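One chain follows as structure tokens, the form deposited in one PDB entry.
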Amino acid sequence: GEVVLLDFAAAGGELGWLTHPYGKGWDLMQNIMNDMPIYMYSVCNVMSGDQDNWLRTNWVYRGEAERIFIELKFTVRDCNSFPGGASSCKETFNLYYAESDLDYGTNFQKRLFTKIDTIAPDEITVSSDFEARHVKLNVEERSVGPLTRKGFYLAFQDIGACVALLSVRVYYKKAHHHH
């Protein structure tokens, strides 16, 4: 009974998301070391200390969806992997959304976005596991609604973590019927 509205990993990086600032913040990457290609948005500016990097989805038409479920899969590297990053490095990132009736296109205005939650890893990836290609994939799900406008965006804010976002799946549950 689920209807999928957005599926980053299945789209092969063709979804055309928006980054702000463009360049040096979140970057679209692929890993092809495994059976299935892996796609991701990732950032790792853990030494600077003044990071405010944003990632916004394409516009998603809501249709009949009222409550939307947002499933994220991601890795976070241990801040202790980076020497002298005690104050600059973080281990969380933030999830936001915005409802709208039109597509704003390339105009990203973070002032229109509402925070859903801080997203934190149950498992951090330490250096030895990173170097051996054994990353720890975390899964976090949140829901919001009822939605009331024609469409919505999700956005992701990085504040100085070493984070790879590998899956973003948004779905709703079809109305229950009495057989």
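Rigid core: the largest C-alpha set superposing within 1.5 Å between the two forms. Position 1 is the first residue in the sequence shown; the rest follow in order.
From this point on, the text means the form deposited in another entry, which you will not see here.
Participant: Of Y39, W54, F69, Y153, which one has a Cα that moves 2 Å or more between this form and the one not shown once the core is lined up?
Facilitator: The only residue crossing the 2 Å threshold is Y39.
Participant: Is it true that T114 shifts between this form and the one not shown by 2 Å or more at the Cα, once the core is aligned?
Facilitator: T114: C-alpha displaced by less than 2 Å between this form and the one not shown.
Participant: With both forms fitted on the core, check whether the Cα of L102 differs by 2 Å or more between this form and the one not shown.
Facilitator: Superposed on the core, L102 moves its C-alpha less than 2 Å between this form and the one not shown.
Participant: Can you confirm the direction of the Cα distance change for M33 and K90 in the other entry, closer or farther than in this form, given it is 3 Å or more?
Facilitator: Relative to this form, farther apart in the other entry.
Participant: Distance change of 3 Å or more between the C-alpha atoms of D35 and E71 in the other entry: closer or farther compared with this structure?
Facilitator: More distant in the other entry, by 3 Å or more.
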